[PDB]
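Each answer follows from the model by the rule given with it, or from the source it names; these are not laboratory values. Please note: Cβ atoms are built from the backbone with ideal geometry, for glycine as well, and neighbour counts cover all protein chains shown.
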Amino acid sequence: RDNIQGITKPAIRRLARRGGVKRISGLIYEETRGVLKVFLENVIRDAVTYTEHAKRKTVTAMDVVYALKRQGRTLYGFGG
Amino acid sequence: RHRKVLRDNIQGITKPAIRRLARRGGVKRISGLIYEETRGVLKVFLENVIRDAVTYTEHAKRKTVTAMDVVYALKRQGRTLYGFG
Amino acid sequence: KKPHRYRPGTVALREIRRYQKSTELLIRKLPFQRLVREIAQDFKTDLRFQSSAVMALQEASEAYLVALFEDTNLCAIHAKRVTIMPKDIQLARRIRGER
Amino acid sequence: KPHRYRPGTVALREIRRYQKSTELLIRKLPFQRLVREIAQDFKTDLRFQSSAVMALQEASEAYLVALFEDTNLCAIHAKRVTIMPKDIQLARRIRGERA
Amino acid sequence: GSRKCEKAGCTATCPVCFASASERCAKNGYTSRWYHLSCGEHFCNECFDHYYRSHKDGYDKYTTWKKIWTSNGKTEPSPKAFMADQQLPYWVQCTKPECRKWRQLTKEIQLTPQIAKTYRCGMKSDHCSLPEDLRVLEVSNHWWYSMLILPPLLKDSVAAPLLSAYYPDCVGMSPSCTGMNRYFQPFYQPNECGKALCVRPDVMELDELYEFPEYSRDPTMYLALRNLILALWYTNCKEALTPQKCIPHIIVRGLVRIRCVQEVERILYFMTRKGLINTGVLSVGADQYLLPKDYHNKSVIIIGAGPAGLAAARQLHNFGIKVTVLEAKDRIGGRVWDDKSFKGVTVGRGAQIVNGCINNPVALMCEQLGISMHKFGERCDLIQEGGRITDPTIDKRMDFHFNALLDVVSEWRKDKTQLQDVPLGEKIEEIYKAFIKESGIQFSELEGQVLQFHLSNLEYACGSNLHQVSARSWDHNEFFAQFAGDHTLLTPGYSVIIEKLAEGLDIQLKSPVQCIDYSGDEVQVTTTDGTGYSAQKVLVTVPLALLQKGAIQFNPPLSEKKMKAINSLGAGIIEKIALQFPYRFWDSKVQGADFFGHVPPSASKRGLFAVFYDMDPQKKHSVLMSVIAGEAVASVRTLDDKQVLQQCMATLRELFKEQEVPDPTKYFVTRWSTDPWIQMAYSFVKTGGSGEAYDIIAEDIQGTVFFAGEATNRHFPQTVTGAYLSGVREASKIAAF
Amino acid sequence: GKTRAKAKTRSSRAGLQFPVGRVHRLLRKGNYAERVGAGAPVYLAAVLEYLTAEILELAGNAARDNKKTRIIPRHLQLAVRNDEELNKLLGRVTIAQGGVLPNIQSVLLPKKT
Amino acid sequence: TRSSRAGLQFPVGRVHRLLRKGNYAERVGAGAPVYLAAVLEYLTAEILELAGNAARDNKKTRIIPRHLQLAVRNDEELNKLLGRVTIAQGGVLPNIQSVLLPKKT
Amino acid sequence: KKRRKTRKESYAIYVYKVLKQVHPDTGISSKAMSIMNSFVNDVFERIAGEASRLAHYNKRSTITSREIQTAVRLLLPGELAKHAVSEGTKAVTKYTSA
Amino acid sequence: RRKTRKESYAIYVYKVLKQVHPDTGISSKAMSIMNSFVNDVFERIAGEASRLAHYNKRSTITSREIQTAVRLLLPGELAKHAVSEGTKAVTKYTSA
Amino acid sequence: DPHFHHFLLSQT
Amino acid sequence: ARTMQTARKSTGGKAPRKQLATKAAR
DNA sequence: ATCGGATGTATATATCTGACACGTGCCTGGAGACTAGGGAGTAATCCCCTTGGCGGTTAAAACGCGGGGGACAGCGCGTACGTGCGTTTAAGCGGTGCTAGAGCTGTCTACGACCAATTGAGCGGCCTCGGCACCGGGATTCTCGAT
DNA sequence: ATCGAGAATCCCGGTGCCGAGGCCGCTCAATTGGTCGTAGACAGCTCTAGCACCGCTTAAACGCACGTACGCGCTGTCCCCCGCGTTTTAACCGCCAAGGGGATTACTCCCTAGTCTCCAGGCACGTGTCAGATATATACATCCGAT
Ligand SMILES: Cc1cc2nc3c(=O)[nH]c(=O)nc-3n(C[C@H](O)[C@H](O)[C@H](O)COP(=O)(O)OP(=O)(O)OC[C@H]3O[C@@H](n4cnc5c(N)ncnc54)[C@H](O)[C@@H]3O)c2cc1C
Ligand SMILES: [Zn+2]
Ligand SMILES: [Zn+2]
Ligand SMILES: [Zn+2]
């Protein structure tokens, strides 16, 4: 239940702490779940498109490293 | 020659010309030191673009830069520009 | 005797030294995994994931959010503010071209 | 009875014109001499087709124009209506221009 | 599951679910958790999940509502809020007189004002005989509200359309919701400059917190009911607003509606007593009294039947309080006195202008009477003797300088105390001379004469030569929010309002009070002919001048403090002349303007007919009115009416030099100065004086002797409105006892 | 002994107006795959015909709606930049003699009454 | 070992396969995989060198991806080659904006 | 003056034909025609390259219409993907029926 | 039955690490990151060789195209030493 | 702020 | 008082204008 | 502006444990030695299209001079969120079970290059006029300084 | 508060002219029609790795109080930049000259695909350490009052 809300307010605090953000306002967390939601919607949509084309029921990691490469967000450490 | 000296090497982009580009961009009021920095930014952009374009002109061993040269070198920098090829 | 406490910002700045200093993955793996599956159910149903792919989407989540707080933080500092606000998030997203 | 409209009527009306028009602004021979001058550094004694000079003119105006779009959003996000050079530095840094 | 409630201290020994939304609803049985809305209202964990959980059927309905509640409100959309706003059954009270039982409506029924207005038990055996749900009584326990989770939010409030600028839930209305007299603007709008008789929709006033302390923590319910009440009053100001009329317009789900209905009566009576509603010329008779029998036992003598005395008398009478009015003259009205003998027009010998109609009691009373006022235009040409209209540039130049002089006065006074006060006139003069000295600029004789006009206009306003009026305090009242909007000519005259206020009251004419004795158990009042009156309380509304003259013997005597305040104010004076003509000789030159100015030939003569008023806004009849102010009031005291008329006609023939002027065929000249029971026009602050004087004079003595009148209203001195409001003020004070 | 047998070309065969042979040659001669299938440039010519029809359609609507009878590249500028999705396909592409679609920020508009 | 025919330590034949079997040209010349192998050995060499010194600064012996993170992001040119590339388990350089530094007396 | 030139290609008569289909009585200028020409080339190498590496991932060596369907469902944003796939299947089947 | 395989660069990356700081090891995540790094640069340079050969009406990738494409990708100083090592390996190759 | 208060509701 | 003026109102000498800034405002 | 709890953080020392550097075996892809058609270096020419100069006009740029409004420092006042402590609570762990589907390997087959003759189709040269500029005159609208 | 110079902007009308559109030859790339090895759909196994489930500990998440400091609106004060007349001045334009270099066509020829076999390089696969996390106890570095 409430998969999105599962991104905790301390987790968004922690990512802001790694980013070098001192103080966090009120409605930051709603928009943060929204932005993360949009980004994962695009990446998952393109990964599913990469996975239906091989006609395979299982999404692998090379699928999504390819999908991150194509959106100009290349990520090493999983092959390819 | 009647005057017409260098006076301004890379300052051709007169102050009203940078005003005209900014007002195409939708900019109301322009501060004072904007113009020198604007010449600097334009200089950096052209240095990269024709540094990359002159290499395309050198690889064909040709001494004349063409339009396909700079459209290709603009494409490679992710700034693709139609209307020339 | 009862004060001890700290300023609002010592725990913040020391916390920036720690969480900039360390590297590990820090959104919890089962809520994140359920989140990726529930977003994944919309485009197609009855899915299966490798685990390292969920790690990979976790890396894209931390990279994209963390970099968005880099640029959002420079946005709000450029307003002579030390506290980010949602219009700054909206600004850096428009500047990167995310609309 | 001489009386100028105001600081802003020439501005906003002239924004309506120079947004509304289409042609290329900065003049042909100083820009052409500029491209040849920067061109002399990487190689001596070059030659240009004229349309390629128009091409560098077009991409150069479009990159500067987009830079003023974004630095305008920057300075408006400071509750200012005037471009200042640190805003230019911000958008070059936020976008990623700042090497 | 359990049978117990989450809330600590809840007396619900058997929670049942009101929602029954989930096919899995627990009803009266076991559930993992009972969610509490009030002591009598709960919903089970299943129905909670039905809306709260994404995989449940009621989630859509809850997310949509959650969105509207976001584009519309400032409170967090919780499931409990959704429940109280969307699912809680309505309750309505049976209207059968001998029943009056409260009934729960079935969950699909949407309560409306029409349903509430006529509802009886059973409206879809003796349905009225079925016992009332035991939960209803509970609502009238003070702790009941304390265990309400969220405050009531009204639906479709009559106040709503007047408050579209506020977050509905900040003024007691629900975010999920949605031809008045233009002068009715009871609620402050966000970011508004002050204006008279406005209330904040979102904040309780000081007197309100005083009367209803239990709302200081959360004023939500009060504000909603108060705002509704005002909206209803202004929607129809021609009838007494009663609880019966309000109740149908209170729409909110849940048992809380019962608590709202129970509170409306308390707030209604407070609003009535204070004079916010059920006021003006509204008349109410035996068995229609506006306040409970609890206020009725008491008695009052009101001295003076002008706007102040009649306001208080009208209020007290309508309240059900025993009132007798003693008036010195052979007529009521005081400084309201209209001449109805002029052809097709009513001309005030006294007051006739309304200064700022927005929220003005006078505007309300015109509404109640179906009277139309004429709004003055702005134009007022400055015409010279003889003929010349003043050049627009000269006009603007001297207006600017005149007001610049006032600016520096206001700057000079900032650090001066009453002990350092100097006359406004003297101060202006000095500043003027010292300016011509400083800057070599020199004004023409005409420019100087135009300045004199403006000075004259100040003297008219204060009812005094400027060398008598305080530089520090002349405009003291503007510290407080003033009446905004149109200035109008009350064309039918103030007398219509006066008549209406007095109609049916116990008023004794030709009964000048001479003695007031409040040393015994009740006040003994004796007239000049020895006639005795007595009552528990007495209100004096006699003019400032009469207090200054000491025409009434007080025992015990007024305090030294009061006497100092009384003497620190000036009994200001102006006189009026009205002239009737055979035809409208001024139309060519004046061109429809409501008035025209008269440039003074000299400083000494400046207050001699400075402004002429066209007394027919329909431009059909030919009556002019003018005023005598400042020094000129003195110059006229030994002249008979004919002589004053001669000087006015001489003035007009000068102002209209290049044309002929017909003889007047009828006229009057007022002598307020020498009317024994009045002796003035309106108060002002004399040099050395403070606005606080108005408050001090206003102060009751031992809750036994009360004071009203224009000279007791610090916010709104001088005016019929101000006098009227001082009477309403005192009626409230007297009725509280 | 004949190579005639009704000449039905390729474009028509599919009911389009794009060169299947020229696009097909361009798929084989850019080293994209060692083998190129049967009906691939049929599909791809269909996609490009749809896209061409969309952009020229919106430049036609804007072409009447700014009172000309001829598409100029300015109409391609504000033709493309007004649909959301065509802009998202072309968001990194400058088109020459395009200019800027008229955008004015809210703080620049005058603070009148 | 055509690496030994050229004096390098990269697979000329495997890279040569990968140039021929990616459909780049129709045909690939002789000297080219020698060239590309030399370039990649250069880039590999200094990136592992900066991970070498910046690995010794953590007093370790095994380079972990943190050392590749700041080893890339410290030099300008390696950062500009890799400015769009996320490294998994990398983190960030300790950048702190100067207005956040708590000042006082 | 009198010498062989150099055969050349384009798309311009095809763009003119689709202009005849959409708004049949409406002109087009020359630089706009070169804009559309470079547009068709730009999209053409976009989905051609997406077909290249999208066919390279699955250890294939052949570009068929399923690959172009996937690659159009990667570059075309949403509503623009769907009608492109409907016209694409209509042209594959409408081709295949002969 | 055993199982297939799939090449890497890990032995070669290990060898250059032995050239530079020889008594200092490497961890496995960093090894796979270096692996996908050199695949990334390999596809950038081979791709630029494709786009550069696809302009001059030529269908052959010799070393000179790799010289130009390296002089377009790598910025400045490491382009100089990269191309200089490339001439060292072409000339050091063919002089043998 | 005394300025704005409603006259009939500030008589304490 | 100044408030008695209808025709040709004086304007000078007025204290600064106060403006209600409530939070209940949308 | 100094001093001390204190307190989070840097500094040896063991310790298990396991991830990596390494030794054994294998098999297939690197390579080595030929051939062959063709891609491309290399010459020479055609001409054209870039560069250069020079005079005549002048739109634009430069520059001086009001002046006001926009940046910005101070400053007071609200509120919201960082800090820290008691409560919970479900995430991690860690084992256990089940089988769906990735992956392998083999089967059989419909399909893309190879040539190779056949041809109209798009393209360049070359007309030709109508739509956009484009002055040129003229009523509308909006702004800005007045009431 | 609301109303006129007046200046910029929009609405028709002849002109012109030239760039958009169309027409006539015409080389060559599409087209059609067969083959052919082969890439790939297709079947089936396998086993392994993903999914499911259950109990325990607990770090982490949640939630209440609280206070101060961060946001933000008002105030003043300066100046830098906007606006507009005046000079100048160099850009724009037409045309005239010269040739250096792009495009072309041909010529010759070295060179890199293509084949077949040969073998060791790397790569799968056990293996056992020495590098690091993890306590674990221990003395500094700087924070935060309180002086
Ligand atoms: C010429 C003139 C022009 C004015 N213009 C305006 C105007 O344009 N607009 C406006 O709003 N106002 C105007 N005013 C002022 C306005 O009329 C007064 O402010 C208002 O009438 C005062 O109200 P009042 O009730 O306090 O007193 P009053 O009207 O003065 O009445 C007091 C009553 O007390 C009575 N009284 C006195 N002594 C005794 C006694 N001993 N025993 C019994 N009764 C006694 C008097 O007879 C009188 O009836 C004007 C007044 C005048 C005279
Ligand atoms: Zn229920
Ligand atoms: Zn309860
Ligand atoms: Zn009943």
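Scan segment F:46-70 residue by residue and report those that are more than 11 Å from the chain's Cα centre (by Cα) and within 14 Å of H:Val85 (Cβ to Cβ).
Of everything in segment F:46-70, just one residue is more than 11 Å from the chain's Cα centre (by Cα) and within 14 Å of H:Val85 (Cβ to Cβ), namely F:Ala46.
From the list E:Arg388, E:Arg331, E:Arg397, E:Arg379, exactly one residue is surrounded by fewer than 24 Cβ atoms within 10 Å (Cβ to Cβ), near ligand 1 (Cβ under 9 Å from one of its atoms) and at negative phi. Which is it? Steps first, answer last, please.
Values: E:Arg388 fails: near ligand 1 (Cβ under 9 Å from one of its atoms); E:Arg397 fails: near ligand 1 (Cβ under 9 Å from one of its atoms); E:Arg379 fails: near ligand 1 (Cβ under 9 Å from one of its atoms).
The unique qualifying residue is E:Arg331.
Considering only residues that are more than 8 Å from chain I (Cβ to nearest Cβ) and within 30 Å of H:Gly49 (Cα to Cα), look in segment G:54-79 and name the one that is surrounded by the fewest Cβ atoms within 10 Å (Cβ to Cβ).
G:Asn79
Read through the list (1) over 34 Å from the mean Cα position of the chain (by Cα); (2) surrounded by fewer than 18 Cβ atoms within 10 Å (Cβ to Cβ); (3) of a type in the set (A, V, I, L, M), then give the number of the only condition that E:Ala165 fails.
Going through (1) over 34 Å from the mean Cα position of the chain (by Cα); (2) surrounded by fewer than 18 Cβ atoms within 10 Å (Cβ to Cβ); (3) of a type in the set (A, V, I, L, M) one by one, E:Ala165 breaks only (1).
If E:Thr75 satisfies every condition in (1) more than 14 Å from every other protein chain (Cβ to nearest Cβ); (2) away from ligand 3 (no atom under 16 Å from the Cβ) but one, which is the exception?
(1)
Mind listing whichever residues of segment I:82-96 are more than 16 Å from I:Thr68 (Cβ to Cβ) and β-branched (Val, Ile, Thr)?
I:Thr91, I:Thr94
In the set E:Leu424, E:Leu446, which member is within 41 Å of the chain's Cα centre (by Cα) and either under 27 Å from E:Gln384 (Cα atoms) or not polar (S, T, N, Q) (or both)? Full working, then the answer.
Details: E:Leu446 fails: within 41 Å of the chain's Cα centre (by Cα).
That would be E:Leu424, the only listed residue that is within 41 Å of the chain's Cα centre (by Cα) and either under 27 Å from E:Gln384 (Cα atoms) or not polar (S, T, N, Q) (or both).
From the residues in segment H:72-88 that are in a helix (DSSP H, G or I) and at the interface with chain F (Cβ under 8 Å from one of its Cβ atoms), which one is surrounded by the fewest Cβ atoms within 10 Å (Cβ to Cβ)? Spell out how you get there, then give the answer.
As a first pass, look at segment H:72-88 and keep what is in a helix (DSSP H, G or I): H:72-75, H:79-88.
Now narrow it down to the ones that are at the interface with chain F (Cβ under 8 Å from one of its Cβ atoms): H:72, H:75, H:79-80, H:83-84, H:87-88.
Numbers: H:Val72: 25, H:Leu75: 17, H:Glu79: 11, H:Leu80: 21, H:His83: 14, H:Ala84: 25, H:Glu87: 20, H:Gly88: 22.
Here the answer is H:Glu79.
Being of a type in the set (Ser, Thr, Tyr) and either under 14 Å from the mean Cα position of the chain (by Cα) or within 7 Å of another protein chain (Cβ to nearest Cβ) (or both) is the requirement here; does I:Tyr55 meet it? Before the answer, list the steps.
Working: of a type in the set (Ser, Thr, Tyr): yes; either under 14 Å from the mean Cα position of the chain (by Cα) or within 7 Å of another protein chain (Cβ to nearest Cβ) (or both): yes.
Here the answer is yes, as I:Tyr55 does meet what is asked.
Being hydrophobic (A, V, I, L, M, F, W, C), part of a helix (DSSP H, G or I) and within 7 Å of another protein chain (Cβ to nearest Cβ): is that true of D:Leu12 here? So that I can check it myself, show each step before the final result.
Details: hydrophobic (A, V, I, L, M, F, W, C): yes; part of a helix (DSSP H, G or I): yes; within 7 Å of another protein chain (Cβ to nearest Cβ): yes.
Judged against the criteria, D:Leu12 is a match.
Those residues that are of a type outside the set (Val, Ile, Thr), in contact with a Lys or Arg (Cβ under 7 Å, 6 or more places away or on another chain), within 9 Å of another protein chain (Cβ to nearest Cβ) and part of a helix (DSSP H, G or I), I need them from segment F:1-45; list them, please. Can you show your working first?
From segment F:1-45, those of a type outside the set (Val, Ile, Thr) are F:1-2, F:4-8, F:10-19, F:21-22, F:24-35, F:37-41, F:43-45; that's our starting set.
This time we only want the ones that are in contact with a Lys or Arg (Cβ under 7 Å, 6 or more places away or on another chain), so: F:14-15, F:17, F:21.
In the following step, the residues that additionally are within 9 Å of another protein chain (Cβ to nearest Cβ) were identified as F:14-15, F:17.
The answer is F:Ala14, and nothing else.
When segment C:18-42 is examined, which residues are found to be more than 7 Å from chain A (Cβ to nearest Cβ) and closer than 13 Å to A:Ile44 by Cα?
C:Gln33, C:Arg37, C:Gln41, C:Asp42
Only one of these is within 20 Å of E:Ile251 (Cβ to Cβ), away from ligand 3 (no atom under 16 Å from the Cβ) and out of contact with any helix residue (DSSP H, G or I) (no Cβ under 7 Å at 6 or more places or on another chain): E:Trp69, E:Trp91. Name it.
On the way: E:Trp91 fails: out of contact with any helix residue (DSSP H, G or I) (no Cβ under 7 Å at 6 or more places or on another chain).
On inspection, the qualifying residue turns out to be E:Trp69.
Here's a check for you: in segment C:47-62, which residue that is within 7 Å of chain A (Cβ to nearest Cβ) and assigned to a helix (DSSP H, G or I) is surrounded by the fewest Cβ atoms within 10 Å (Cβ to Cβ)? Before the answer, list the steps.
Of all residues in segment C:47-62, those within 7 Å of chain A (Cβ to nearest Cβ) come to C:47-50, C:52-53, C:56-57, C:59-62.
Subsequent filtering for residues that are assigned to a helix (DSSP H, G or I) retains C:52-53, C:56-57, C:59-62.
Values: C:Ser52: 16, C:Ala53: 21, C:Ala56: 26, C:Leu57: 27, C:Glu59: 23, C:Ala60: 22, C:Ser61: 21, C:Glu62: 21.
So, considering only residues that are within 7 Å of chain A (Cβ to nearest Cβ) and assigned to a helix (DSSP H, G or I), the one surrounded by the fewest Cβ atoms within 10 Å (Cβ to Cβ) is C:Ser52.
Taking segment I:16-37 on its own, how many of its residues are assigned to a helix (DSSP H, G or I) and near DNA strand L (Cβ under 10 Å from one of its atoms)?
Looking only at that region, the number is 7.
Would you check if E:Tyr30 is away from ligand 1 (no atom under 16 Å from the Cβ), closer than 23 Å to E:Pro151 by Cβ, assigned by CATH to the domain that holds E:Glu132 and hydroxyl-bearing (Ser, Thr, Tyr)?
Values: away from ligand 1 (no atom under 16 Å from the Cβ): yes; closer than 23 Å to E:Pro151 by Cβ: no; assigned by CATH to the domain that holds E:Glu132: yes; hydroxyl-bearing (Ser, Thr, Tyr): yes.
Judged against the criteria, E:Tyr30 is not a match.
Answer yes or no: is there a residue in segment B:59-73 that is of a type in the set (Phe, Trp, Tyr), away from ligand 3 (no atom under 16 Å from the Cβ), within 8 Å of another protein chain (Cβ to nearest Cβ) and over 15 Å from the mean Cα position of the chain (by Cα).
yes
Can you tell me which residue in segment E:74-88 is farthest from E:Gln244 (Cα to Cα), limited to those that are within 16 Å of ligand 2 (Cβ to nearest atom) and of a type outside the set (S, T, N, Q)?
Initially, segment E:74-88 is screened for residues within 16 Å of ligand 2 (Cβ to nearest atom), giving E:79-80, E:82-84, E:86-88.
Now drop any that are not of a type outside the set (S, T, N, Q), which leaves E:79-80, E:82-84, E:88.
Numbers: E:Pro79: 33, E:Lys80: 30, E:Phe82: 29, E:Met83: 28, E:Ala84: 25, E:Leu88: 24 Å.
Among residues in segment E:74-88 that are within 16 Å of ligand 2 (Cβ to nearest atom) and of a type outside the set (S, T, N, Q), the one farthest from E:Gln244 (Cα to Cα) is E:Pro79.
Would you confirm, using the coordinates I've provided, whether G:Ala51 is over 30 Å from H:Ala48 (Cα atoms), small (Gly, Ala, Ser) and either facing chain I (nearest Cβ under 7 Å) or in a strand (DSSP E or B) (or both)? Steps first, answer last, please.
Values: over 30 Å from H:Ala48 (Cα atoms): yes; small (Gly, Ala, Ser): yes; either facing chain I (nearest Cβ under 7 Å) or in a strand (DSSP E or B) (or both): no.
Criteria not met by G:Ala51.
Report, by residue number, each residue of segment C:78-99 that is part of a helix (DSSP H, G or I) and either buried (at least 21 other Cβ atoms within 10 Å of the Cβ) or at the interface with chain A (Cβ under 9 Å from one of its Cβ atoms) (or both).
Our first condition is that a residue be part of a helix (DSSP H, G or I); within segment C:78-99, this holds for C:86-95.
Correct list: C:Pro86, C:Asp88, C:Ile89, C:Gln90, C:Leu91, C:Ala92, C:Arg93, C:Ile95.
Please state which one of E:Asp133, E:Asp156 is part of a loop (DSSP other than H, G, I, E, B), more than 14 Å from every other protein chain (Cβ to nearest Cβ), touching a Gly at 6+ places or on another chain (Cβ under 9 Å) and more than 16 Å from DNA strand M (Cβ to nearest atom).
Criteria check complete, one pass: E:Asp133.
Which numbered condition in (1) of a type in the set (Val, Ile, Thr); (2) assigned to a helix (DSSP H, G or I); (3) facing chain D (nearest Cβ under 7 Å) is the only one that B:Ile10 fails?
Unmet condition: (2).
Out of (1) over 30 Å from G:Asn58 (Cα atoms); (2) surrounded by fewer than 19 Cβ atoms within 10 Å (Cβ to Cβ), what's the single condition that is false for C:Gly9?
The single condition C:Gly9 does not satisfy is (1).
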